[PDB]
Amino acid sequence: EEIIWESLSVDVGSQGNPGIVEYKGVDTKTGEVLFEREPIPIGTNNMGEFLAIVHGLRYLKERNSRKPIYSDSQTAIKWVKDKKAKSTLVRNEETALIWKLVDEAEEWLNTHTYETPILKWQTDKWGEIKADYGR
RNA sequence: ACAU
DNA sequence: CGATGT
Ligand SMILES: [K+]
Ligand SMILES: [K+]
Ligand SMILES: [Mg+2]
Ligand SMILES: [Mg+2]
C-alpha cells in the first residue's frame, strides 16, 4: 500500500542483456546515491539485480542500519531469499568476473545474518524505482 | 502470465 | 524487436 520512505532502493543498468552491467543504491527519500558498482563487462540483468541487493545488505549491515531494501526484481528477490542465483549465463572467460562476484555474494549470504526486509517495489502503482537508470 |  | 528470469 504505502511506500516505506526510510529505505534503500537498488537497481541495475545494462548495455545489452547479456552485456555491460552496473548497479547502484540510493536513498529512497532523497535519491542520494549511496553506492555505485563499476561496470562489469558481461553479465545479465538478473545477476546485476542480485548483486545490487546483496551489496545493499552488506552496506546496511556495515552501518548498523535496519532500513529495508527495495528492488523491482521478482527474480533477484527470490534468489536472495534462496541464497542461490539461478542464472543461465554460460561460464566462460568473458563471464568469469560476473560469476566470481555472484559466487562471492552467495558465499557472503551463507556466512552472515541479517534482518533487513527485502521488499518489492510496486512499479505499477508507484512508478519507476528511485535507483532507476532511466535507460 | 508475472517481474525485469 | 531482442534477452533474463519465476
Ligand atoms: K532504465
Ligand atoms: K519471457
Ligand atoms: Mg530493476
Ligand atoms: Mg531500472
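Within every chain, numbering begins at 1; the chains are lettered A, B, ... in the order of the sequence lines, protein sequences first and strands thereafter. Quick note: numbers below take in every heavy atom, side chains included, and nothing from hydrogens, waters or symmetry partners.
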**Asked** Taking the side chain from A/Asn92 and the backbone from A/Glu94, do they hold a donor-acceptor pair closer than 3.5 Å?
**Response** yes

**Asked** Is it true that A/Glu106 and A/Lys84 have a side-chain N and a carboxylate O under 4.0 angstrom from each other?
**Response** yes

**Item:** Phosphate-side-chain proximity, A/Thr44 and C/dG5, N/O vs OP1/OP2 below 4.0 Å
**Value:** yes

**Prompt:** Which residues pass the side chain to side chain donor-acceptor pair (under 3.5 Å) test with A/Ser7, sequence neighbours left out?
**Reply:** A/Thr28

**Request:** With sequence neighbours excluded, tell me which residues meet ring pair (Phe, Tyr, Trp, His ring centres under 6.0 Å) with A/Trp79.
**Result:** none

**Prompt:** Along RNA chain B, 5' to 3', what are the outermost nucleotides having an atom less than 4.0 Å from a heavy atom of chain A?
**Reply:** B/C2 to B/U4

**Close approaches to RNA chain B from residues 127-135 of chain A, in residue order (heavy atom, under 4.0 Å)** = none

**Prompt:** With sequence neighbours left out, what residues match A/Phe35 under ring pair (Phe, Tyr, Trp, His ring centres under 6.0 Å)?
**Reply:** A/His55, A/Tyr59

**Request:** For A/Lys120 and A/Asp72, indicate whether the former's side chain and the latter's backbone hold a donor-acceptor pair under 3.5 Å.
**Result:** yes

**Request:** Determine yes or no for a side-chain-to-main-chain donor-acceptor pair under 3.5 angstrom, with A/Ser9 supplying the side chain and A/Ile129 the backbone.
**Result:** no

**Asked** Sub-3.5 Å donor-acceptor pair from the side chain of A/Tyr23 to the main-chain atoms of A/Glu38, do we have one?
**Response** no

**Message:** A/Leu89 vs A/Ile98, test: side chain to side chain contact (heavy atoms under 4.5 Å, CB included). Steps then yes/no.
**Reply:** CA-CA 10 Å; A/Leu89 184 69; A/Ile98 192 111; 3.8 Å; yes

**Asked** Are the side chain of A/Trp121 and the backbone of A/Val10 linked by a donor-acceptor contact shorter than 3.5 Å?
**Response** no

Using the 3.5 Å cut-off, write out each protein N or O paired with an N or O of nucleotides 1-3 of chain C and the distance between them.
{"unit_1": "C/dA3", "atom_1": "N3", "unit_2": "A/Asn17", "atom_2": "ND2", "d": "3.1"}

